[PDB]
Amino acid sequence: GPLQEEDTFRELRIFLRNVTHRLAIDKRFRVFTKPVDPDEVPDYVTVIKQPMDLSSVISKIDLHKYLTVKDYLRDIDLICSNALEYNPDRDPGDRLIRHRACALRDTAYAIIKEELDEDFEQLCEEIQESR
């Protein structure tokens, strides 16, 4: 019973680790693989209320914080929305970060759309809703 449910969440974790690995090895996304350095960017922690990066995503998968795909994608979305907030200007440095941050998001959504069975996603939801 709960043994079947544990199997479902373990499969979700394996799937999410694989998606996240494919994001993290993409050279476009290197700046999103680690948390910000407070020395390099002192005001980041004050401007961005919910910092998120791919190392933190891996930590949360292993802590069992993602019981659904939607919960995982909320944090992926945070990676892109944080970059849009922190680097909003027209200069090429800001535009490049925004372009990469939301290509990361788009790539994650596209992998899930192509490879995640919708019925598996739905089962994760209905298990979590019964908790």
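Residues carry their position along the shown sequence, with the first being 1.
- Stretches compared: 29 to 37, 80 to 88. Higher mean C-alpha B-factor in the entry: 29 to 37.
- Averaged over CA atoms, B-factors in the entry run higher in 91 to 99 than in the other of 91 to 99 and 71 to 79.
- When the modelled residues of the chain are ordered by their C-alpha B factor, residue 53 lands in the middle third.
- Residue 104: CA B factor lies in the middle third for its chain, per the PDB record.
- Per the deposited record, the Cα B-factor of residue 110 falls in the highest third when ranked against the other modelled residues of its chain.
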